[PDB]
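Take a look at this single chain, the form deposited in one PDB entry, given in structure tokens.
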């Protein structure tokens, strides 16, 4: 099985592109963890084939759940693909590491709060994806990860990246 990246970074750009996810990306690189972090402007109807391919060629995914993650149908389609690989891929598997960035993990797990609010903005053309999206969020939120709240963020990122390093080896 081809492996190009150690980590695929899933995130909601409008929330975290310039700040937390950028600092996390550079911290992973400083540990020699080959990371895919999209910085292209995406305006296609569907998920870009470059992204689907990067997920398939990653040893793991890190998910930066943030307040508006579920308001993007592209983030949710990304998550479904990640959780599909988590179930199917082998030699090696595809590990998943969720970060709950200033969001309650149970809100992700149960689609409450802003994660429940998000689904009201999806019309009937997405009706068939909504059950898969909910399933992927619940599965992801049950995996062991890191709830982040207010506190010194450089030390938060240091502990996360140290933990990913030890779990990949």
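Shifts are known only where both forms have a C-alpha. Numbering follows the first chain given and starts at 1. Between two forms, the rigid core is defined as the largest C-alpha subset superposing within 1.5 Å.
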Could you check which stretch, 47-55 or 28-36, carries the larger mean CA temperature factor in the entry? 47-55
Out of 99-107 and 66-74, which one has CA B-factors that are higher on average in the deposited record? 99-107
Report the third (lowest, middle or highest) to which the CA temperature factor of residue 14 belongs, ranking only the modelled residues of the same chain. middle
For the chain shown, is the CA B-factor of residue 168 in the lowest, middle or highest third of its modelled residues? highest
Should residue 138 be placed in the lowest, middle or highest third of its chain by the C-alpha B factor in the entry? middle
Looking at the entry's B-factor column for C-alpha atoms only, identify whether residue 153 ranks in the lowest, middle or highest third of its chain. lowest
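The protein also exists as the form deposited in another entry; that form is not presented, and the subsequent description refers to it.
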Of 34, 42, 53, 30, only one moves its C-alpha by 2 angstroms or more between this form and the one not shown once the rigid core is aligned, so tell me which. 42
Inspect the rigid-core superposition and answer whether the C-alpha of residue 105 shifts by 2 angstroms or more between this form and the one not shown. no
C-alpha of residue 114: shift of 2 angstroms or more between this form and the one not shown, rigid core aligned? yes
Against the shown form, C-alpha atoms of residue 152 and residue 114 in that other deposited form: closer or farther, for a change of 3 Å or more? farther
Quick read on residue 38 and residue 136 CA atoms in that other deposited form, 3 Å or more from the shown distance, and they're closer
Report the moving segments between this form and the one not shown: consecutive residues, 3 or more per run, each with a CA shift of 2 Å or more after superposition on the core, given in sequence order. 38-44, 112-119
